[PDB]
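Take a look at the structure set out below.
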Amino acid sequence: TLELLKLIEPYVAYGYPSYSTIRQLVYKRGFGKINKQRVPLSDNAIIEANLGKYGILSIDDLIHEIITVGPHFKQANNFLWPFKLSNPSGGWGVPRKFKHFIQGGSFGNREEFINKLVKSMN
Amino acid sequence: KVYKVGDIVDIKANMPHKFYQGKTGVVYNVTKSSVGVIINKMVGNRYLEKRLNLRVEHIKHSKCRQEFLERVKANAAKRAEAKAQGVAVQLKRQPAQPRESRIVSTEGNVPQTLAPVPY
Amino acid sequence: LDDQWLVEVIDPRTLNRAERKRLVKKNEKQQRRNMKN
Amino acid sequence: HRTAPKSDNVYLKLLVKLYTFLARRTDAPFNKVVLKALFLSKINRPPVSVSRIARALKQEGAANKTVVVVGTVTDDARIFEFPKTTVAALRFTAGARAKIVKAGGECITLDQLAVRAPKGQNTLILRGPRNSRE
RNA sequence: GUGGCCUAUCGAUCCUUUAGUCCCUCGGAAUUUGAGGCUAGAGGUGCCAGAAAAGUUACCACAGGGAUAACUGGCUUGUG
RNA sequence: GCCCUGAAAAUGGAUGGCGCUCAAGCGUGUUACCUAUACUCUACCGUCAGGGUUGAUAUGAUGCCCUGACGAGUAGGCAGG
RNA sequence: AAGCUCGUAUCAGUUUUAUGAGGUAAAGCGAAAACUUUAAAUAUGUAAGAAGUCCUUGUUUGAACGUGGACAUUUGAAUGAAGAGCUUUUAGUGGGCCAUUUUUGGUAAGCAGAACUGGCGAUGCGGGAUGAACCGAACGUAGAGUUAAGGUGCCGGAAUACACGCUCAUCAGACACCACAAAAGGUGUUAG
RNA sequence: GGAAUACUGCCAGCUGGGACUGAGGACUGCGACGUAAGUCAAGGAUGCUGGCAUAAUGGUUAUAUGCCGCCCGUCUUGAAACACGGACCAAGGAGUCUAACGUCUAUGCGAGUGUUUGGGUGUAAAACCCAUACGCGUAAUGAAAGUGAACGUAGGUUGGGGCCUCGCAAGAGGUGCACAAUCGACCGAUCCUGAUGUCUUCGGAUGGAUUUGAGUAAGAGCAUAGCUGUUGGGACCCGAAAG
């Protein structure tokens, strides 16, 4: 998957997510997938009845499987619906945006400031 | 050196009249001086069928499934060597994982600085 | 077309030599026709 | 995917109105087949002859079952000994009806069948040769 | 002892010819000449015929379509 | 690196205009601010899809209830009025 | 769509692994700059299994079609999704501009012919004072919030904000921009 | 030598100000604090108070103000515009009927099907009833004379929705419609082989080799109606130069 990112670099922003930002994302904008339909979690019964066949039975077990990349990672990931983020609340900085983060822009690999970006797009 | 119907062959020119020049096809015909090849070409979005006649030195054999057969052999080998025991075989190929933590030692290696002096 | 390696669709160069000699012999036949008449 | 019967036959509307309920609460695969067969057009619902029914009953071990045709049950004059079957269907020509009753069997309809074999036990489903037409 | 030798295209499905074990048909029925089929062969652009049977009209009538000429691309001036 | 010559006519005239010279000009850097039918959340209409439901006196069975995702349009095609 | 005929653990404008060809050379170094071995990804090709594999071993000791028998899921990389084909059958249309990427041929100059990717035509909305091709951008009806590209002296919503430098034009400059006039002239000014 | 603040980050830390929203309508769920009975900010807003009851809110309308909006229809894909039509009003004005074939859908009957050229009758161009014929179908193939579809349980294998048996359930087994692939059997035509008999040439027994047909191998058609496609008729309408 490194070469996928190297292909689509001019259109995305990526990096290494901490534990607290994963926790916030899953707790606030986390929607599961009961066969379809983008259902909101709001409970552990929905997680348990749909992923209990893999040992996951709580939203914290789900966060654990995510952050400590596990052997049920593909299933635990494709359980969640891609996150719908809003624009950042302070802006991006960067008068112009489509330049590599190294060159004073936004796209590319910022490698740790993805937390400072996602926590304001959350 | 006997090219027959069904074999799978490469192209190689040992001037530029036509440039397929290394696209792999399948033989359908053989004669004492030439060979027939087929080729799938992308015309819009589909693979349409082209036919070709090539000499002998301008052709060779392929080595495509060379690893496939050895790997299905070894898969069969460790499969039985696993049934013959108590095992966690996991006989699938994985991509290159990210390398893990280590410690480097500075005893014969004090880091020799350099600057863009250029030199 | 004799030495030209690949032809892009019977061996196709042998037909070419066949037509070559076809016209050659038609010429050399009409030669006798004109000599006789 | 055809869902609604395109006819105006009120009795066929009732037959569908019963079979949708059956196939919604029974989960016996026979009912879904019969429901899907009740939507087919008249050119996709060919007839089935008494002789094909007899040949079907002539296989081994299948001489005590009930045979079900969603189309019609025509007659045939090229057979002389007809078995003692029991045929449920949609329509019966006069010829086939008289031949079956003279043989000694019964003739019934799909709703009497729904009462008799609800899940569909001991039943056979036959379809007439479709593509024979142009 | 060298600075050359020769050349129309075209079909070849527009058709040349021939014979039959008891081959089949020819309108009411026979027989003999005759024709027509399908089964064989034997021939292939030599010998024909042509990619449409000629012009001119300024009174020239009807139905339609046409400009904008000096600005593609910063062009133009004094010395090949 | 900035600046001045490095040509080019003809009604009156154009960094869009006024105007601006430690700029309201040129290179660069740190921030705050303005604003699209774009992004997020919410309500209403419709379309599509997935579920539940004739059982009585309760009704519109082409019905009723629950949930989720979507909505540009010429030639042309289908459905309801 | 008319269409019901088959839904399979299969497909894909993607990556990875194996094998090819481009070989420029940066590899370096080859037994004497000739050698002939070698590093990454650079766009195209082929392949990566449950009608797939194993065992007795006929056909005239190698190879090809056999007989008969046996091995079901860590089932043979990643990522994403249950959606193509067969026949019946049918409405509209069928030869062109702009820009980008490579190749071929060019001349006073422009250029001419290719294949490929976007856009336009059928298309609104924000910005460039105005605009088919430029820059943003997933079009039902509304409320709140945040923003893209472009901007914050006045017209005009938004700092006559902060900080370091450079410039004086006898019609400066504030752009299609890294193009023609463009290579040179200047006792203008600055830094090397 | 001992500290501190800065900087980056984490808190399932505490506490203020402002703006928009209040969808849903008996109960059921997951929870929190409880000694417990019970309460709660936990599956969508309630409590207290005031004014007025009419042109006050709200609608329709005239104008003013701020910002926006190039004249309509048609015809050419580029200066994509230009070019052609439009003084205003009312009424008329353009994909219709028929004949022959075809796809699809509905209904009637079904190896059959079609009453209405005619006759009988009547409450009179209606409705009701009917005999004999004929079309299409139920059989093909050959240029034609002609010939004319069962070795078997109407066939062998490969899958194949469903059904029966065992199974706690997955699953296993048996049977298999329609349909598809392949090897067969039959019918016609072409090529051979050429008996029992013949009036001396008639006749074609038995067995083989390919190629071919919308062929057979327990029938599926006929009829009317509706939407439609092709062709002909003035054929969506007007507009012209002729013989």
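Ordering of the structure tokens sets the chain letters (A, B, ...), residue numbers begin anew at 1 in every chain, and ligands are numbered from 1 in the order given.
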If we count only C-alpha atoms (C1' of nucleotides), what is near residue E:24 at a cut-off of 8 Å, once residues fewer than 2 positions away on the same chain are taken out, given as a PDB file with N, CA, C and O atoms (P, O5', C5', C4', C3', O3' and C1' of nucleotides), in the first residue's frame?
```
ATOM      1  P     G E  37     -30.838 -26.208 -68.308  1.00  0.00           P
ATOM      2  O5'   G E  37     -31.580 -26.621 -66.966  1.00  0.00           O
ATOM      3  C5'   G E  37     -30.846 -27.075 -65.844  1.00  0.00           C
ATOM      4  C4'   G E  37     -31.588 -28.149 -65.094  1.00  0.00           C
ATOM      5  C3'   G E  37     -30.732 -28.987 -64.163  1.00  0.00           C
ATOM      6  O3'   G E  37     -30.569 -28.366 -62.900  1.00  0.00           O
ATOM      7  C1'   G E  37     -32.121 -30.395 -65.483  1.00  0.00           C
TER       8        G E  37
ATOM      9  P     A H 144     -37.316 -30.098 -56.461  1.00  0.00           P
ATOM     10  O5'   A H 144     -37.684 -31.211 -57.532  1.00  0.00           O
ATOM     11  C5'   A H 144     -38.799 -31.040 -58.392  1.00  0.00           C
ATOM     12  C4'   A H 144     -38.818 -32.078 -59.482  1.00  0.00           C
ATOM     13  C3'   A H 144     -39.345 -33.447 -59.093  1.00  0.00           C
ATOM     14  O3'   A H 144     -40.761 -33.513 -59.130  1.00  0.00           O
ATOM     15  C1'   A H 144     -37.303 -33.690 -60.245  1.00  0.00           C
ATOM     16  P     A H 145     -41.533 -34.851 -58.693  1.00  0.00           P
ATOM     17  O5'   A H 145     -41.490 -35.763 -59.999  1.00  0.00           O
ATOM     18  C5'   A H 145     -42.406 -36.832 -60.183  1.00  0.00           C
ATOM     19  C4'   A H 145     -41.747 -38.042 -60.798  1.00  0.00           C
ATOM     20  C3'   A H 145     -41.831 -39.319 -59.981  1.00  0.00           C
ATOM     21  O3'   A H 145     -43.042 -40.023 -60.189  1.00  0.00           O
ATOM     22  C1'   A H 145     -39.603 -38.975 -60.678  1.00  0.00           C
TER      23        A H 145
END
```
Sorted by chain and rising residue number, list the residues of chain E at most 12 Å from chain C (counting only C-alpha atoms (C1' of nucleotides)), each with its closest atom pair and distance in Å to one decimal, as CSV.
```
residue,atom,partner,partner_atom,distance
E:5,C1',C:28,CA,10.9
E:6,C1',C:31,CA,7.2
E:7,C1',C:27,CA,6.4
E:8,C1',C:30,CA,10.9
E:46,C1',C:33,CA,9.6
```
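Take atom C1' of residue H:201 and atom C1' of residue H:146: the distance between them is 21.6 Å.
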### Message
Please list as a list in words every residue within 12 Å of residue H:184, counting only C-alpha atoms (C1' of nucleotides) and excluding residues in the same chain fewer than 3 positions away.
### Response
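So the residues in contact are residues 151, 155, 156, 157 and 217 of chain H.
Residue neighbourhood of residue D:94, excluding near-sequence residues (fewer than 6 positions): residues 73, 74 and 75 of chain D; 110 of chain H, at 10 Å, using only C-alpha atoms (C1' of nucleotides).
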#### Entry: Within 10 Å of chain H: residues of chain D, using only C-alpha atoms (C1' of nucleotides), as an MDAnalysis selection string
chainID D and resid 6:9 29:30 33 41:43 46:56 58:62 65 72:79 92:95 120:134
### Task
Extract, using only C-alpha atoms (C1' of nucleotides), all DNA, RNA and protein residues at most 12 Å from residue C:15, discarding same-chain residues fewer than 5 positions from it, and format them as a PyMOL selection string.
chain C and resi 1-2+10+20-22
File dump, residues just selected, N, CA, C and O atoms, as a JSON list (two decimals), in the first residue's frame:
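Output saved as again32.json:
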```json
[["chain", "number", "residue", "atom", "x", "y", "z"],
["C", 1, "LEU", "N", 11.03, -7.39, -48.26],
["C", 1, "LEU", "CA", 10.13, -8.30, -47.58],
["C", 1, "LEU", "C", 10.74, -9.68, -47.39],
["C", 1, "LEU", "O", 10.18, -10.49, -46.65],
["C", 2, "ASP", "N", 11.86, -9.96, -48.05],
["C", 2, "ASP", "CA", 12.57, -11.22, -47.83],
["C", 2, "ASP", "C", 13.13, -11.29, -46.42],
["C", 2, "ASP", "O", 12.80, -12.20, -45.65],
["C", 10, "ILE", "N", -0.13, -20.43, -44.59],
["C", 10, "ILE", "CA", 0.83, -20.02, -45.60],
["C", 10, "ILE", "C", 1.77, -18.97, -45.05],
["C", 10, "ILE", "O", 1.34, -17.96, -44.50],
["C", 20, "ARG", "N", 5.95, -12.37, -57.45],
["C", 20, "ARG", "CA", 7.09, -11.84, -58.18],
["C", 20, "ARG", "C", 7.37, -12.65, -59.43],
["C", 20, "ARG", "O", 7.32, -12.14, -60.55],
["C", 21, "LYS", "N", 7.63, -13.95, -59.25],
["C", 21, "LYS", "CA", 7.96, -14.78, -60.39],
["C", 21, "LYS", "C", 6.77, -14.95, -61.33],
["C", 21, "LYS", "O", 6.96, -15.16, -62.53],
["C", 22, "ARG", "N", 5.54, -14.81, -60.82],
["C", 22, "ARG", "CA", 4.37, -14.83, -61.69],
["C", 22, "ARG", "C", 4.45, -13.72, -62.73],
["C", 22, "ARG", "O", 4.34, -13.98, -63.94]]
```
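Distance-wise, atom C1' of residue G:146 and atom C1' of residue F:34 end up 13.0 Å apart.
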### Task
as a VMD selection string, list the residues of chain C assigned to alpha helix (DSSP H) by DSSP on the backbone atoms of this structure.
chain C and resid 12 to 36
